[PDB]
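Visitor: in their complex positions, the first chains:
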Amino acid sequence: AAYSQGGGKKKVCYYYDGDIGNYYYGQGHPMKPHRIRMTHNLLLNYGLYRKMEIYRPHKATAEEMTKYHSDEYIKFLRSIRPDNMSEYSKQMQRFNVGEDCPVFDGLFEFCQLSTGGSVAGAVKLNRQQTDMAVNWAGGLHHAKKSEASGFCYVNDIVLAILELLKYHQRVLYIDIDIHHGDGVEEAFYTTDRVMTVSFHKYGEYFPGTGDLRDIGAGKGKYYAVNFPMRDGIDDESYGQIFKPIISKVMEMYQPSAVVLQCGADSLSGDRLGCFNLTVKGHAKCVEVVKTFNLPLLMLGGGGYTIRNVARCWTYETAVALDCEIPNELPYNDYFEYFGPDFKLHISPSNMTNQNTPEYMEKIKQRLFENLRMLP
């Protein structure tokens, strides 16, 4: 196979459970698993199922989850229900459930399906049976070893990376959610076998971590990379730092597999976010990573203006497939959600970009200094 030049269309395996959209976090809660069903239905109506393999994930077992999470926390998640909450008030506080991370009907099953897609995708990659695996129900990057955080309960990303590490010496994690990928970075902070790269809003903003001076520790020193940003970053600003940083990371770290969290709360108009990317600017990140021709697990994450989440992950599936799709949306079960325009692509707002071009270049220059410290 010495003739390979690393191009070609890529084999894509996509994971989805038709039950996922029915899980409900509660009245007024911004996290809406329904957006995954909206994404699926939109990409079915564009015909993208003709171009990829579609799999229904298994329900990951408590035991699969305790490859990272503590036994006590997973036992709690398996046991807690809206009808027995009163008896668990102490454990709810200890594991940080019942505020941002509510108890809801089927919580554990939702975690099992989110996680099952990511671990199943990792196995498929390890078996060299696909180039890309996609799980838009995964990417729940804030969950910690023994606590929920940030609408995330089980860290499917950490579990998928642990699976990749069975066959890959070095794994690269890239996080374009507007929030810092703190749960993933914490899990791998002291190893060089996982490099974590997060771009995120930083300053009076959840979760409060991801300073560019957070670079890892011990054998993991220089293997955590954080790009802190201000409100209002736009396509042009993002694209001028993302490809140079990822290219330098690829050059210095030479990973053999990549996990890309595609949290869509970095889009213009997100309910919780303060960035100004379009779907095209967000998806340029997938294009950039895809060109390195490494085994790639693409995951979901945040995204709280759900019409735009469905647009984003539909277009990023098309990008993974190297399929052009029209801007005019096909009819679909959720067509009214996409008015008044009924187009796939979105316009940025007139919000001010507080990330000056000088700020962007200066942060990039500082991270390049840290990347020079790899062997």
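Guide: Done, it's in. Numbers count the residues shown, from 1 in each chain, chains lettered A, B, ... in the order given.

Visitor: my guess is residue A:29 contacts residue A:101, does it?
Guide: No - taking contacts as CB atoms under 8 Å, residue A:29 lies outside contact range of residue A:101: 9.7 Å. Using the backbone N, CA and C atoms, a C-beta is placed for each residue, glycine as well.

Visitor: joint contacts of the two?
Guide: Residues touching both residue A:29 and residue A:101 by CB atoms under 8 Å, 6 or more residues apart in numbering: residue A:151.

Visitor: give me the more crowded residue out of those two.
Guide: When residue A:29 is set against residue A:101 and neighbours are counted by other CB atoms under 10 Å, the residue ahead is residue A:101, at 23 against 14.

Visitor: backbone dihedrals for that one, both of them.
Guide: Residue A:101 has phi and psi values of phi -120, psi 80 when expressed as degrees, to the nearest 10.

Visitor: which residue, other than its chain neighbours, is closest to it?
Guide: Setting aside the residues directly before and after it, residue A:101 is nearest to residue A:148 in space (CB to CB, 6 or more residues apart in numbering), at 3.8 Å.

Visitor: next: residue A:221.
Guide: Going by CB to CB, 6+ apart, residue A:221 has residue A:215 as its nearest residue, at 6.2 Å.

Visitor: name the element the one you found belongs to?
Guide: Secondary structure from DSSP states H and E places residue A:215 outside every helix and strand.

Visitor: got a list of what the closest residue to residue A:271 other than its chain neighbours touches?
Guide: Counting by CB to CB, 6+ apart, the nearest residue to residue A:271 once its immediate chain neighbours are dropped is residue A:304, at 3.8 Å. Contacts for residue A:304 (CB under 8 Å, 6+ apart) come out as A:30-32, A:265, A:270-273.

Visitor: give me the buried subset of those.
Guide: The neighbour-count test (16 or more other CB atoms under 10 Å) marks A:30-32, A:265, A:270, A:272-273 as buried among the contacts of residue A:304.

Visitor: could you dump those residues to CSV with secondary structure and distance to residue A:140?
Guide: What follows is these, written out as CSV (DSSP: H, G, I helix; E, B strand; the rest coil; distance: CB to CB, whole Å):
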residue, secondary structure, distance to residue A:140
A:30, coil, 14
A:31, coil, 10
A:32, coil, 14
A:265, helix, 13
A:270, coil, 17
A:272, coil, 15
A:273, coil, 17
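
Visitor: mind adding chain B? sequence follows:
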Amino acid sequence: XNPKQXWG
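Guide: So, slotting chain B in with the rest:
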């Protein structure tokens, strides 16, 4: 991370 409620 919800501005409308809590500390996240």
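
Visitor: for chain A, what's the longest strand?
Guide: The strand that spans the most residues within chain A, counting by DSSP state E, is strand A:194-201.

Visitor: so which residues of the stretch 1-150 of chain A form helices?
Guide: Per DSSP state H, counting those that start in this stretch, the stretch 1-150 of chain A carries helices over the ranges A:34-45, A:62-65, A:71-79, A:89-94, A:107-126.

Visitor: tell me which strands and helices the next helix or strand after the longest strand of chain A is in contact with?
Guide: Where DSSP H and E defines the elements, the next helix or strand beyond strand A:194-201 is strand A:224-229. Applying 3 or more CB pairs under 8 Å, 6 or more residues apart in numbering or on different chains; DSSP states H and E, we find strand A:224-229 packed against strand A:194-201, helix A:235-253, helix A:357-371.

Visitor: try it again with 10 Å
Guide: strand A:171-175, helix A:182-187, strand A:194-201, helix A:235-253, helix A:357-371 (3 or more CB pairs under 10 Å, 6 or more residues apart in numbering or on different chains; DSSP states H and E).

Visitor: quick check: buried residues in it?
Guide: By neighbour count on 16 or more other CB atoms under 10 Å in any protein chain shown, the buried set for strand A:224-229 is A:224-229.

Visitor: now stretch A:364-375
Guide: With burial defined by 16+ other CB under 10 Å, the residues of stretch A:364-375 counted as buried are A:364, A:367, A:370-371.

Visitor: any idea how far that stretch is from the chain center?
Guide: On the basis of CA atoms, centre = their mean, to the nearest Å, stretch A:364-375 sits 24 Å off its chain's mean C-alpha point.

Visitor: now stretch A:334-353
Guide: Distance, centroid of stretch A:334-353 to centroid of chain: 22 Å (CA atoms, centre = their mean).

Visitor: also stretch A:328-336?
Guide: Using CA atoms, centre = their mean, the distance from the centre of stretch A:328-336 to the centre of the chain it belongs to is 25 Å.

Visitor: and the most centrally placed residue in chain B, how far is that from residue A:179?
Guide: Within chain B, one residue has its C-alpha closest to the average C-alpha position: by CA atoms, centre = their mean, that is residue B:2, at 3.1 Å. Distance, residue B:2 to residue A:179, by CB to CB, to the nearest Å: 12 Å.

Visitor: which residues are common contacts for these two?
Guide: In the contact map built from CB atoms under 10 Å, 6 or more residues apart in numbering or on different chains, the residues linked to both residue B:2 and residue A:179 are A:150, A:206, A:272, B:8.
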